[PDB]
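[1] task: produce atomic coordinates for the following.
(chains A, B, C, D, E and F, ligands or ions: 3)
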Amino acid sequence: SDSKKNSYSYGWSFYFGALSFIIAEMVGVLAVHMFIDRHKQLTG
Amino acid sequence: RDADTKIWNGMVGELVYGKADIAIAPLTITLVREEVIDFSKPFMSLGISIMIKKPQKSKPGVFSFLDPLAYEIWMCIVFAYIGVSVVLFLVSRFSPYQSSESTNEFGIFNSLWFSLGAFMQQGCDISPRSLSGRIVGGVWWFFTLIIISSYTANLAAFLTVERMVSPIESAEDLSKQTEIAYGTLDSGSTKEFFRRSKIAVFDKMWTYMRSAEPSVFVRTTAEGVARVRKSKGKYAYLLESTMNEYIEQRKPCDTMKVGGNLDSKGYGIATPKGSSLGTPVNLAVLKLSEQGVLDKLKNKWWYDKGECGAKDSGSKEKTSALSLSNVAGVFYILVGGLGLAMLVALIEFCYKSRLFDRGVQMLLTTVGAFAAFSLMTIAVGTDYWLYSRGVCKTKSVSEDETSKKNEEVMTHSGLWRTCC
Amino acid sequence: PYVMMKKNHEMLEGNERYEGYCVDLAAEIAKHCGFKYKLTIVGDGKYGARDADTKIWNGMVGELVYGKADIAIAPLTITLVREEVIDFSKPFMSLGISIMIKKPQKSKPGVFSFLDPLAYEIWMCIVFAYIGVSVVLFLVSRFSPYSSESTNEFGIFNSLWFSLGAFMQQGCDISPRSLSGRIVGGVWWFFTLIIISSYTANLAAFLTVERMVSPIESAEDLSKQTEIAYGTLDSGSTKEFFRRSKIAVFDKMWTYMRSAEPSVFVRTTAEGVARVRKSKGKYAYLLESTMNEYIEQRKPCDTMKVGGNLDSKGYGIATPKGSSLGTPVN
Amino acid sequence: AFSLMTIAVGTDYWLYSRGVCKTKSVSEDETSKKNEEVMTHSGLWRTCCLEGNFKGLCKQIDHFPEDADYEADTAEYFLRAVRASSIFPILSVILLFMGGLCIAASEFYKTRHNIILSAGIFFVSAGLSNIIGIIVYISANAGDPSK
Amino acid sequence: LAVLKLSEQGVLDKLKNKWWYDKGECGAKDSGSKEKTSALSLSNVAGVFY
Amino acid sequence: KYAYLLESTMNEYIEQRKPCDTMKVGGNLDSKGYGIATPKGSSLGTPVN
Ligand SMILES: NS(=O)(=O)c1cc2c(cc1Cl)N[C@H]([C@H]1C[C@H]3C=C[C@@H]1C3)NS2(=O)=O
Ligand SMILES: NS(=O)(=O)c1cc2c(cc1Cl)N[C@H]([C@H]1C[C@H]3C=C[C@@H]1C3)NS2(=O)=O
Ligand SMILES: N[C@@H](CCC(=O)O)C(=O)O
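    Numbering: from 1, shown residues only, chains lettered A, B, ... in the order given. Ligands and ions are numbered 1, 2, ... in the order given. The relevant structure is shown in the block below.
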């Protein structure tokens, strides 16, 4: 039918891969803030 | 037949006992009637069919603005929004090989605002102003030109569509639920059909109907239509299809015939045994059917004398102004956004009027690196991605045909393995 | 316009009281064939049919068969059953059975037709949302900002201008910089993305509509809808056409007319045109096309000819069977 | 602003529609026929007939209408439940009043200096409650058919 | 009498449901666009993400 | 750059033949007919009518 018969739904493994994205982006922000902060201590 | 006195009643009795010569009437061609009077070739076909109350038109939702794009794309837009803002931060903030660091105004908080602004088609105050920064800004502009022009292509149509939603599409769909109620006639051939049912679906239907409180059976067809119309869409009545099409074409036009015919039977002109009329009556039915008269007499009485007029009335199409009820969800989010904005401004005012650390964020990164690595390996390894109908261990390999894998089953697939 | 009463009917006498197309045609025929004539009107005002179960002609055909009249200079349709009792001349106009409906009175696009894709209650809530956002964006920004207030460029009057720039999609110089400022700016950006795009998507729908130009496009459209009654002139050739036809669409149209009450048949053409004009477009009158052209081209101009002619017929001069002047009229 | 809202929530000349009059408020006898859809000044609670022989009679609105032909989904249910209790115009009136107490406690109890700020928040929040009351009102008037 | 008895017992139905439907070689899915306003799907605009 | 005047029944026939590069414009300027012709006094003349 019109996207009705199969009625595909996403389980918890899919949403963990999504939460594995958002955590990996927040860490990648925080790792850059360190690389900025390591050159604030390097130069002064 | 009366069971003991062994005399026929009804119109079949009128033909056997010589009172009448021909039964031009909706008389069902059965076995036990065939043995005592001849039947014609059937002049009209019918079967057991499902009558449900006609569902009201589905109004669009509160959140009908996000209906042009599926919920796949909205989640992937949010992922692409966060993805661009982090890359636009990472690109515009390196140590440039003491004001060289502080040149670009793209922190992580501004870069979220540049990416939001480009997507919402409002120009933002800051510009990337660096070669690798402008490629991120340039590509996200081409993203949002395509998506928004795809989104707003037919946004007025998705806000003003109503669809009839059938709760039941067929007899198997009525089999797998108990909220909507079955019903048949208390004394009829239709209830006889569910006694002698070796089909597993129809036998499942009969064990329900026998053990049901209050009684799903009705004494007359007139009460069975009224129980459909009273019980507000929670009752489905099983009756012959020719009556079912007739009740649909009568006012208040609040019935609907769903599903194909479960059995197939016929109405035939009945003559007594040995009547000379029996041969021309057979041949006259065959002359009318080839000429289309029987197609013409059915299309007249059932549909053209119809009080409903469903064909021409549903055929006309109009496009109309947006109502406030159609886009009321956008206003609910806006005033919800305003109340959130006052609440943030208060809690930051109380905090400023009334301890970040480099060591704490270092432990925050180590856990978050492990938390990302844990969630990703569990996602790739374990197989609970998609819940859909699929091939299971009934006939998981295509070993023999005709078996159809229990006609299908719910199956939690994964990135490599499917499991049911 | 076949036979009319002349405006000076009181002043004139004899043939001079009548004027029309048939009046001019009868003069031209008698000029060629040299016979003096007197113009009369049929008594019952019917064109002519056979009575059912009585087998007696009425009307103008009935006067010619029964010998009361010599010749018929009339809109008299050459049909089968009329030919068997009276001779016709060669046709002098060609026509057909056509449909007449009431013209749907067109709704003119007003001077403010651009406000039509959105209702009059939704524009009122846009302005209330425009006022409401511009004050909350003021209260957020000028909120003891910790000299303090001088930092942000959002007063009230700049906030009314920032919000006006976001709605009409034109952008502005100033932009919110505080976190609670970027929320109210961000939500109003999402508001104006939907509402402006719902406007432009619906405005494409209102400009590219053709219009309700005809509910009835042809004769099969009358056959399928029973909301609209249709009838013919009683005791005329058009009623005899739907009775005698074996076409599938025309048989359905005779099934409707014969059964439905109140009687869709009319007595005269002038009565039937009125039933079109007094039924709000729910009565479509099946009449001859040459009468349909004449009604359509005259005031009050609220009748419309839909569809093609249902067939092709003709008007003919009629004399009795074996009359003395049948050949000179040909 | 406190007066105009208490007047607006109090009176019942909100909407002029072809409403079900007091004679058809119950289905009392056959062929009452609602005086062929008589003009009615419905309101926030009271729908009352005007310019008729049976004008001057009022009844509470069936915000939940009747045993009608509906499956009663949750979106329409929550919208009817809000408009029935009219929580958004009532929250507007209370929020207008609390700003009225703050503007009264401005001259008296002065130098507290944040009352005049808080009164600004009560006046802004009362307006945002007011338009959210107007929108649910107009979106609850879809039961009027409008074919 | 044989045809009528087989019809009432569902034998003619059971033999039809067997032979016509047991093959099932392709699910043809010939409905297609029964409803007109289809929500735009990710496969249609996946190139922009790429 | 050329418009030809001819009877309408031929004109509709040339339009429905390839190369399909003709068109019939305007209404009929006069009106005439094709009729089955019988000799004078033939008994066929009445049933042919
Ligand atoms: N349209 S209908 O269902 O009323 C209908 C039903 C039937 C028709 C013709 C029509 Cl139009 N003819 C057939 C006839 C053809 C041969 C087979 C059965 C009889 C003899 N009977 S039927 O299958 O009962
Ligand atoms: N569903 S089907 O086509 O297999 C089918 C079709 C038909 C069946 C039985 C089945 Cl199972 N029986 C009827 C028969 C029963 C009586 C009514 C009509 C004839 C005599 N003929 S039918 O209407 O042609
Ligand atoms: N030409 C028609 C007019 C009447 C009708 O349309 O029925 C006739 O003479 O019969």
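[2] distance-wise, check the residue in the stretch 301-420 of chain B positioned nearest to chain F relative to chain E.
    Chain F sits closest to residue B:315 of the stretch 301-420 of chain B, with a gap of 32.5 Å, by C-beta to the nearest C-beta. In short, each C-beta sits where N, CA and C put it, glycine included. Between residue B:315 and chain E the distance, using C-beta to the nearest C-beta, to the nearest Å, works out to 14 Å.
[3] now do residue B:247
    The spacing between residue B:247 and chain E, counted by C-beta to the nearest C-beta, is 25 Å.
[4] with residue B:106 instead?
    23 Å.
[5] Three-state assignment for that residue, please.
    In three-state terms, and counting by DSSP: H, G, I helix; E, B strand; the rest coil, residue B:106 is coil.
[6] enumerate every residue touching it.
    With contact set as C-beta atoms under 8 Å, 6 or more residues apart in numbering or on different chains, residue B:106 has these partners: B:88-89, B:92-93, B:114, B:126, B:128, B:133.
[7] any idea which of those residues is closest to residue B:214?
    Proximity of the contacts of residue B:106 to residue B:214 was ranked by C-beta to C-beta; the top entry is residue B:114 with 64.9 Å.
[8] please identify which helix or strand holds the closest one.
    Residue B:114 is located in helix B:108-119, with elements delineated by DSSP states H and E.
[9] separation between the residue of the stretch 301-420 of chain B closest to chain F and chain D?
    For residue B:315, the distance to chain D under the criterion C-beta to the nearest C-beta works out to 16 Å.
[10] now do the contacts for that residue.
    If you count contacts by C-beta under 8 Å, 6+ apart, then residue B:315 has nothing around it.
[11] from chain C, how far off is the residue positioned nearest the centre of chain D?
    The central residue of chain D, meaning the one whose C-alpha is nearest the mean C-alpha position (C-alpha atoms, centre = their mean), is residue D:44 at 2.9 Å. Applying C-beta to the nearest C-beta, the value for residue D:44 to chain C is 16 Å.
[12] same question, residue D:5
    Here the criterion is C-beta to the nearest C-beta. By it, residue D:5 lies 14 Å from chain C.
[13] and what of residue B:19?
    Looking at residue B:19 against chain C, where the rule is C-beta to the nearest C-beta, the gap reads 32 Å.
[14] skipping adjacent residues, who's closest to that residue in space?
    Spatial nearest neighbour of residue B:19, chain neighbours left out: residue B:13 (8.0 Å); criterion: C-beta to C-beta, 6 or more residues apart in numbering or on different chains.
[15] hmm, the longest helix along chain D touching chain B?
    Looking only at chain D and at elements set by DSSP state H, the helix with the highest residue count is helix D:115-140. Yes - Helix D:115-140 lies in contact with chain B when judged by C-beta under 8 Å from any C-beta of the partner chain; the contacting residues are D:121, D:124-125, D:128, D:131-132, D:135-136, D:138-139.
[16] just name the closest of those residues to ligand 1, please.
    Nearest to ligand 1 among the residues of helix D:115-140 next to chain B is residue D:139, at 46.6 Å by C-beta to the nearest ligand atom.
[17] apart from its chain neighbours, what residue comes closest to the closest one?
    The shortest distance from residue D:139 to any residue that is not its chain neighbour, by C-beta to C-beta, 6+ apart, is 4.0 Å, and that residue is residue B:325.
[18] help me confirm that that neighbour is found in a helix?
    No - the assignment for residue B:325 (three-state DSSP) gives coil, which keeps it out of a helix.
[19] phi first, then psi, for the residue most central in space within chain B.
    Among the residues of chain B, the smallest C-alpha distance to the mean C-alpha position (C-alpha atoms, centre = their mean) belongs to residue B:165, namely 5.8 Å. Recorded main-chain torsions at residue B:165 are phi -100, psi 110, according to degrees, to the nearest 10.
[20] separation between it and residue C:184?
    Remark: distance between residue B:165 and residue C:184 (C-beta to C-beta, to the nearest Å) = 38 Å.
[21] what helix or strand does residue C:304 sit in?
    Remark: residue C:304 resides in strand C:303-306, with elements defined by DSSP H and E.
[22] so what's the residue count around the residue in the stretch 51-200 of chain C positioned nearest to ligand 2?
    When scored by C-beta to the nearest ligand atom, the stretch 51-200 of chain C has residue C:52 as its residue closest to ligand 2, at 41.0 Å. Residues lying near residue C:52 (other C-beta atoms under 10 Å in any protein chain shown) number 7.
[23] and it, helix, strand or coil?
    With three-state DSSP as the criterion, residue C:52 was assigned coil.
[24] residues contacting it?
    Residues in contact with residue C:52 (C-beta under 8 Å, 6+ apart): none are found.
[25] for it, phi and psi?
    Comment: the main-chain dihedrals of residue C:52 come out as phi -80, psi 130, following degrees, to the nearest 10.
[26] that older thread, the residue nearest to the centre of chain D contacts residue D:12, correct?
    Yes - look at residue D:44 against residue D:12 with C-beta atoms under 8 Å: they come within range, at 6.8 Å.
[27] mind listing the strands for the chain?
    Assuming you mean chain A. Applying DSSP state E to chain A gives strands spanning A:9-10.
[28] meant chain D actually
    Remark: strands of chain D, listed N- to C-terminal, are D:15-18, D:39-42, D:46-49, D:58-60; assignment by DSSP E.
[29] show me where chain D has its helices.
    Ranges of helices in chain D, per DSSP H, are D:2-10, D:74-85, D:87-107, D:115-140.
[30] same deal with the stretch 151-300 of chain C?
    With DSSP state H, counting those that start in this stretch, the ranges of helices along the stretch 151-300 of chain C come out as C:156-167, C:179-207, C:219-224, C:237-244, C:248-259, C:269-277, C:289-296.
[31] which among those helices is found nearest to residue C:231?
    Going through the helices of the stretch 151-300 of chain C one by one, with C-beta to C-beta as the measure, helix C:248-259 comes closest at 5.8 Å.
[32] test my guess that residue B:32 contacts residue B:1.
    Yes - under the criterion of C-beta under 8 Å, residue B:32 makes contact with residue B:1 at 7.0 Å.
[33] more crowded one of these two?
    A count of neighbours by other C-beta under 10 Å puts residue B:1 above the other of residue B:32 and residue B:1, at 14 against 11.
[34] tell me which residues touch residue C:4, please.
    Counting by C-beta under 8 Å, 6+ apart, residue C:4 makes contact with C:18-20.
[35] nearest to residue B:160, of the residues you listed?
    Closest approach between the contacts of residue C:4 and residue B:160, by C-beta to C-beta: residue C:20, at 54.5 Å.
[36] and for chain D, the residue most distant from the center?
    With distances taken from the mean C-alpha point of chain D and given as C-alpha atoms, centre = their mean, the most distant residue is residue D:111, at 39.3 Å.
[37] does the helix holding residue B:114 come close to chain A?
    Yes - judged by C-beta under 8 Å from any C-beta, helix B:108-119 comes into contact with chain A through residue B:108.
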